[PDB]
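Number of protein chains: 6
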Amino acid sequence: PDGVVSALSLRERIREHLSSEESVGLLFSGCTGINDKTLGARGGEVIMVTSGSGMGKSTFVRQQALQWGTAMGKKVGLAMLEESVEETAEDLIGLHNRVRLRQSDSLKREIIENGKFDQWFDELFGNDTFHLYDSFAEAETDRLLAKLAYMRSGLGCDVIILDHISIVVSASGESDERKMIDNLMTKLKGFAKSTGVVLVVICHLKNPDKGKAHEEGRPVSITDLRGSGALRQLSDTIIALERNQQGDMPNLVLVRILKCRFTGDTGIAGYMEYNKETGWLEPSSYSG
Amino acid sequence: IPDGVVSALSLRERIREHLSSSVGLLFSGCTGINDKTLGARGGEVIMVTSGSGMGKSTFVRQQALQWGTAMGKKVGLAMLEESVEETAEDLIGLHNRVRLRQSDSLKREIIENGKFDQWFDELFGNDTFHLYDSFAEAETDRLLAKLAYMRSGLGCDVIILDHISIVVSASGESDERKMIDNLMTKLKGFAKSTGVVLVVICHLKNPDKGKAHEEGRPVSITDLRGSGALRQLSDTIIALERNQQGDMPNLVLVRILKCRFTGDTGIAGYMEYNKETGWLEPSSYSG
Amino acid sequence: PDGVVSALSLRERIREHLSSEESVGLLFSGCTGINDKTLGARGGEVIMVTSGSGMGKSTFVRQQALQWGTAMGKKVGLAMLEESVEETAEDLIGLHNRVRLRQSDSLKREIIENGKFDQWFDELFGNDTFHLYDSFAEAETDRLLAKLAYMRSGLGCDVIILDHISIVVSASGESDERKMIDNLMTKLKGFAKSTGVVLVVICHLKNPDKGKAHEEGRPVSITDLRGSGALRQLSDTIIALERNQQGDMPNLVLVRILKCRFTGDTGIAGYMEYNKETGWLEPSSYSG
Amino acid sequence: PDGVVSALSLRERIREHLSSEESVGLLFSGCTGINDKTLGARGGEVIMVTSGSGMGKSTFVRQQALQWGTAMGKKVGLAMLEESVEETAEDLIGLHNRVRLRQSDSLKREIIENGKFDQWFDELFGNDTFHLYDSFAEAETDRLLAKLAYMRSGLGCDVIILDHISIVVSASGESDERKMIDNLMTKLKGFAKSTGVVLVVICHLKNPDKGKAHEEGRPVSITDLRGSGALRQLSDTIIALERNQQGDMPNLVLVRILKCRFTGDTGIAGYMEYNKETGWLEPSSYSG
Amino acid sequence: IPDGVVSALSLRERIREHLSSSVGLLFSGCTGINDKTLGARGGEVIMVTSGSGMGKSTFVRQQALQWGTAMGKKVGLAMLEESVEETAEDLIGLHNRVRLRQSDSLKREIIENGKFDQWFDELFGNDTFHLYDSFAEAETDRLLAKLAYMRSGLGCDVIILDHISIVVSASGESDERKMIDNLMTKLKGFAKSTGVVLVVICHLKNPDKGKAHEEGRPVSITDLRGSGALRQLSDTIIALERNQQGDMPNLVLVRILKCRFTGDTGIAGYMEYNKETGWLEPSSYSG
Amino acid sequence: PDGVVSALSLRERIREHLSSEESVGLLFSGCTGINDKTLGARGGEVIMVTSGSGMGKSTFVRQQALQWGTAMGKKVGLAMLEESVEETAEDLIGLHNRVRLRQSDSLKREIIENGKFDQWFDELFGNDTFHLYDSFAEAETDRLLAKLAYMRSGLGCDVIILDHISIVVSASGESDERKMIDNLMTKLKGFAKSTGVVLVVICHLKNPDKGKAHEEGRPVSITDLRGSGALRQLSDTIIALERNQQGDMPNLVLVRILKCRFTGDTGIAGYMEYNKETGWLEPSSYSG
Ligand SMILES: Nc1ncnc2c1ncn2[C@@H]1O[C@H](COP(=O)(O)OP(=O)(O)NP(=O)(O)O)[C@@H](O)[C@H]1O
Ligand SMILES: Nc1ncnc2c1ncn2[C@@H]1O[C@H](COP(=O)(O)OP(=O)(O)NP(=O)(O)O)[C@@H](O)[C@H]1O
Ligand SMILES: Nc1ncnc2c1ncn2[C@@H]1O[C@H](COP(=O)(O)OP(=O)(O)NP(=O)(O)O)[C@@H](O)[C@H]1O
Ligand SMILES: Nc1ncnc2c1ncn2[C@@H]1O[C@H](COP(=O)(O)OP(=O)(O)NP(=O)(O)O)[C@@H](O)[C@H]1O
Ligand SMILES: [Mg+2]
Ligand SMILES: [Mg+2]
Ligand SMILES: [Mg+2]
Ligand SMILES: [Mg+2]
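Residue numbers (the UniProt record's numbering), protein chains in the order written: chain A, 262 to 549; chain B, 261 to 281, 284 to 549; chain C, 262 to 549; chain D, 262 to 549; chain E, 261 to 281, 284 to 549; chain F, 262 to 549.
Rendered as structure tokens:
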């Protein structure tokens, strides 16, 4: 039974490896430092981003999809399960154009009439780099995976953003969905590793209800992550955002690398500030 | 061969339609709900929920009363779990700052001293309130038509459907988890077309994994009963929390779990229930 | 399709409602406060009574039976599945004459030979307000209900006490009796709501075995109720009895309203003390 | 479906009940007070006795079997699973005769030669009141129950002492023996209730390993009991002994009534002192 | 018809036999074990156990060495998990206060400077030690005969059977839980008849329900591996406990779980393992 | 039946034993102390290495491979089931030349074009001491073992590293893979003990999710080891790596000997620090 290769006979294979074997790919936008401790997002890697409900996850991720899909011309696949395509389409446009397009009826009215809409649409979806999952109607694990599968190998997406991994909708008849979040994870990491696609997954936090928490600051710990630490093991990197909406600097958010397989370099990456005007998470200078 | 994954480039018209079609009907009981939501829009679907017996119906009723009184709007009430007379009693009582139900003396009183009629007209005078009537299990389409009649027939501005778990429809298809989802689409659809403000109530899953709801514990979008089809079709989501086994049982924390329009979520503010007047008064608090 | 009424057109129906519509009914004996928070027990309602093991449940419930069956003269149907009718019959007599008949061989021998037994027997059971299920030989759900329903409809009972709802004894061949308790609740609630009878039910608590517990004080919580929270919903009022048997005042008991649908007024009702001499649950003046 | 009896029609049944319905039976020996709070051991009752390993359980119980089987001529059934018949036979003899017969080769030698053995044997096993389970070899639940069953209904024992309910030995192939201790319990209480036999069961304590414990004093709490509180609910009374072998008065032991269904009277019963000479647990006067 | 329940009256003779047939062989390493047990009696069956790798074999070996040296007794050693040479090494080393095994230098030393032979005779001179030999799975009866030969053939006073889980016998009967029980009866029986002191070692069940053994945690009679047939047939039961992840890893608590003879149980006392000499020295301690 | 030897008659066998009997062997690199407590790794022994997720297991183990394969020139068989041979090949090269080759696209491109790649490749893999299992395509137990055995017996490896023992992939159709891990252990231990090879195996930890954990410091305990304590017995030495990635010194790691059969010397071995520049686990001077 021989499948036992001696290191000597791997010379070429290894050489072929070192050349065009990327260790730095897809850098995050909005806070160098995330990049310092992670060296970006490698293909085949599963990237986890979390935070207190409504503190940065969504915006942050949505911004990465934007930069990757624009300035760096990558094919971005979007799977925003809790919202409609036009809705997320709307967010991107406003965001790209640094305007709270949704939070303003006046503006939506304007651009549609003065014609700026069409301008903005082509200026963003012009190079056909964005592709989304359409439905809203509960997607099943394999059902979903099949579609992400299509996005990767079919439309050739470089990145897939799955927003919210609690919306499972699968094989109902097996206690505690904990097993679900885990099996799903396994299928995601497996899907990622083999296709080589960068996979950014969002998940929520357990409600600590034992101290003072999240919405009020309080660092998020690897244990806090929803779903029984199956993702704490299946995901290669873990970005967490922390901020105190009920404090002094509600828009000051701290980025913490809870985990990073590739580099092993963990800890506080840096900070960012939410600009209510532009609706962006701008880079910041701070230290507490 | 493909299957349901659209490209952004092909969303042009769809996005355009979406973009076209600011502040209407501000809730009562706690400013801030408005701060974070700017009130309720026609066509929009409001979702109010909380633990069992924490004030879901109460909150919704207070809204009905202010909207159908102060802001002269035609309200449609569909409380599938209580007699019309019952809901009427609550409205009549609330309107007069008294817990008519918790008082057999007061009820007797107002009926004998003649005040009932006074109160009854002083409230139901302008003909702004209308209700569904039964307690005898209502079917989806059955109910919807009726809600549709209230909007088109009687011309209501708001429609309150208390409790969206009382489905009662096409039985034979497993896990009513889809019922809740299908109905919600029919509800969201109906709301959007007619442009009526729709406030709906749904229960929460029993976490039974920690210390829960009736004992504080913030509610999260995941907790919502019914397989999150509603955390979707519904535009705004309010959540009422309180710790009845605590020091301030009447103190309730309002939490905006979702506001499609303003996207502004989090804690709206605090309110206290007035055991006397039975009103949800805005409170002064911070934890 | 028209079944939509207008508030105005309901004037008479509402008028009819506001009078002879009972909101207050059958006050609990033992502590004013249970009444302040619950306004008593309404027909068609399901009262759930619980506590630690051997802490007072049955006695609390049996007191409500004696006072309702006597002073407020109502037909009480008793279904004490863990005790013989003559035994429950025995407690009622003792209680009615303020003596712990059972804890005394001398008093029993007495009342039997001095002829006081017949006196008390008449002076109590006379008005034929008491009726009981009979067996000890495991009863089935429908079997039981049928009997209950007979008490309500056949004999015309205003109140039905069902001591202990974990003694199911039914359609064995379906995993975890967790579903049994839940399906039983639904039937009880339904039964109660439709017939209009006052339904007082007792149930056990989950053994916390994760801290210090119940018999040693420790407030019970809705989560503690045995049976997967089917009853924490179907039942209208939940009365929890607490006390610390290994403390300075073992007989001192805290009454907690875990839930009151009607009033929504929850929390600590007040305290009671057990009179080891009369066996009565007397109200108490106390504060911790 | 009528099995619904009205209290009025139970007059005779009830009368027949009150007379020759014992509430005080089999009082404990060695510490009045246990009797004050429990009124003894009623037939059909399941009595639980526990303590730190080697602190009183065995001796205490062994003494009750002795008094009940002697001075009060009751038929005592013994099931000492961790020891041989001759061995427990030996203990009783020595104990009855207030001498550490086992802890003394000199004495065993004497009585056998000087003939006092035969004297002591007849003076104790004379009235044929003692019957034991024989084996040592792991007994199975139903296997055991069958034999206890025999002791009760066959030899007509008034009391059965089952020493140690952790030695289960039954239906191996079902996770966590926790279910075992519980099912067994259920079968014991069921066996007890129906035959009317007094059942004294011994069980050990969970090792707290979170504080300072048992062998060093520390009151035993109902939660501490081995086996998932199935016995905390199935047993009618619970006697616990506490003492500090590593303290000042190692032989001073406190008796605590952790539970008592019949009376509801819980708390510290009283104390006793171990006399290394007589090997008995003598009554004491103390207060800490 | 009856079944195995005897009455006290019929135990007369049996009790008599039992009553007929004080201090022999006192353990080494911690007085108190003796205080609570008065040593080991012939015919008696001693049971030593503890967590995995906490010093079961070590303790037993120290006993073998003191008994076969200081108290000139013939010891039979049956360490089914180690070569004769290995156990011999331990004895030789212990006898000279050195951890021969943890030293490749010392081993080399004593062999070259000639000390090995000196030590070897100085110890195995009086011909008091004898061992089983293999590592090749031994069968119950197979092993017993051999133990029987050591007692009758070579005339040993003590017999050490290290590890009673290495059964290796009549395979085909489920749960080796009975094997352990049957063997134990054969062992207890053999001990009682011949009157040889038998020290046996058995493992513990892995509690995996709390914080366990290697981390402190007193061991209880229930923990004993093998369905408590041994907590029965064995007359005395010693238990060694220590917290290797603590401050005093070498500090071990000896606990008498059972002493049929004295009935005196509980904590015997404390000992410390001498990383240098490799001896279990009595310690001064109290918690 | 005679197979009973006398100590005396063994003199020569013992003499032969005491010399050329190796007790010290293959010292671990990274921290003296692992060696003080374990005396290195003996052939025929099973070394178990573990820690939190992405905390250093693989790296620790891979260092032992490089030093044993080089400096102490032994045949090392690598079975990294979660990484490509060229990838493990890549880490060994980088490590050997004290550079984090993988975390640098610039260094890779360099060594490839300046010809240093071939130099390093030879200067390392030259002596043919390194050999690896090859796939990523799930390996079966026997399948794997067979391969392992080939490395030991066929190629003559002194050490066999098997990274990760939760990747089972075998006879699916039998509940909880808890039995799989245990049966696998037995085979490994057996394999090791019989062939005499040094077997270093890695395994995961159970997610404590009951306090603050592992990645955040928190000493691991034998109970934490994943896989039902089959390995906590079959394996000879258990090395646990601890560190707090969200602290002041993330790269500082505490080495804990969870168990050492040979020496019985357990506890904290000492500390190590990860050199982010050379990627080497260097010893550290520290004390908490
Ligand atoms: N003590 C340390 N401090 C900081 N980085 C480290 C440390 N030890 C290793 N690393 C680096 O962290 C990364 C992951 O380490 P590695 O040992 O490969 O992970 P692992 O624990 O095997 N992963 P997993 O299989 O996911 O648990 C590598 O780049 C290592 O070089
Ligand atoms: N925040 C509050 N504090 C105290 N009492 C309240 C509060 N809100 C409502 N109540 C009262 O509690 C009772 C039940 O409230 P209601 O909103 O009718 O229940 P619900 O949640 O609709 N019930 P259910 O359908 O059983 O969940 C009524 O008497 C209310 O007036
Ligand atoms: N607060 C109290 N303090 C002291 N004794 C009490 C108290 N309440 C009841 N008792 C007595 O305690 C005994 C047991 O009470 P009872 O309510 O019958 O038990 P229970 O809780 O129904 N038992 P179980 O079904 O085993 O939980 C009776 O003799 C009661 O009279
Ligand atoms: N109390 C102790 N403290 C520290 N080391 C000890 C102690 N007792 C024994 N040791 C040493 O620990 C190692 C293993 O002891 P040993 O008694 O041989 O293991 P064991 O328990 O028989 N092993 P196993 O069969 O695997 O359970 C030897 O080097 C002993 O000298
Ligand atoms: Mg309601
Ligand atoms: Mg009861
Ligand atoms: Mg050993
Ligand atoms: Mg690894």
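Just so it is clear, CB atoms sit at the ideal spot from N, CA and C, and this is done for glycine as well.
The distance from the Cβ of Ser345(F) to that of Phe382(F) is about 16 Å, inconsistent with a contact at the 8 Å cut-off.
Within the stretch 320-360 of chain E, the runs of beta strand (DSSP E) at least 3 residues long that lie entirely inside it are, in chain order, 337-341.
In the structure shown, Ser367(B) adopts helical secondary structure according to DSSP, grouped into three states. Listed in chain order, the non-local C-beta contacts of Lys467(C) below 6 Å within the same chain comprise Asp485, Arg487, local neighbours out to five positions each way being set aside. Near chain B, meaning a CB-to-CB distance below 7 Å, no residue of the stretch 408-431 of chain C qualifies.
Counting C-beta atoms within 10 angstroms of its own C-beta, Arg504(F) has 16 or more neighbours from the protein chains shown and is therefore classed as buried. Exposure of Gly376(C) is indicated by the presence of fewer than 16 other C-beta atoms within 10 angstroms of its C-beta.
Comparing C-alpha distances from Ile422(B) to each of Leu279(B), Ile372(B), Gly338(B), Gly355(B) shows the shortest one belongs to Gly338(B). Beta bridge pairing from DSSP links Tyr394(B) with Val265(C). Distances taken from the Cβ of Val481(A) to the heavy atoms of ligand 2 include none shorter than 6 Å. One finds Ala350, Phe386, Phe391, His392, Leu393 in chain D with Cβ atoms closer than 7 Å to the Cβ of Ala268(E), taken in chain order. Per the Cβ contact rule, the stretch 405-422 of chain F is in contact with the stretch 265-273 of chain A (3 or more Cβ pairs under 8 Å). Closest in C-alpha terms to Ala530(D), from the list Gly457(D), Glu283(D), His278(D), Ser290(D), comes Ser290(D). In terms of Cα proximity to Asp389(E), the closest of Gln380(F), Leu519(F), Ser270(F) is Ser270(F). The stretch 298-310 of chain B makes no contact with the stretch 350-357 of chain B: fewer than 3 CB pairs, one atom from each, lie closer than 8 Å. No Cβ of chain E is located within less than 7 Å of the beta carbon of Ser482(D). According to DSSP, residue pairing for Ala501(C) in a beta bridge involves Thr311(C), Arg517(C). Interface criterion met: the Cβ of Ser280(D) is under 7 Å from a Cβ in chain C. Here the alpha carbon of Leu449(C) sits roughly 9 Å from the alpha carbon of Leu495(C). Per the C-alpha coordinates, the member of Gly549(D), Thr539(D), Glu543(D) positioned closest to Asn358(D) is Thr539(D). Excluding five sequence positions before and after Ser427(A), the CB atoms of its chain that fall closer than 8 Å to its own CB belong to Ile442, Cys464, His465, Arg487, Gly488, given in chain order. When secondary structure is reduced to three states using DSSP, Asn536(D) falls in the strand class. DSSP places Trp381(A) in the uninterrupted alpha helix (DSSP H) bounded by 377-386. Set against 6 Å, the gap from the CB of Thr311(F) to the closest heavy atom of ligand 1 is not smaller. Against chain D, the CB of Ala474(C) has a partner CB under 7 Å away; the residue lies at that interface. With a cutoff of 6 Å, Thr524(D) does not count as near ligand 2, since its C-beta is closer than that to no heavy atom of the ligand. In the structure shown, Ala400(F) falls within a coil segment according to DSSP collapsed to helix, strand and coil.
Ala530(B) carries a strand assignment under DSSP once its states are collapsed to helix, strand and coil.
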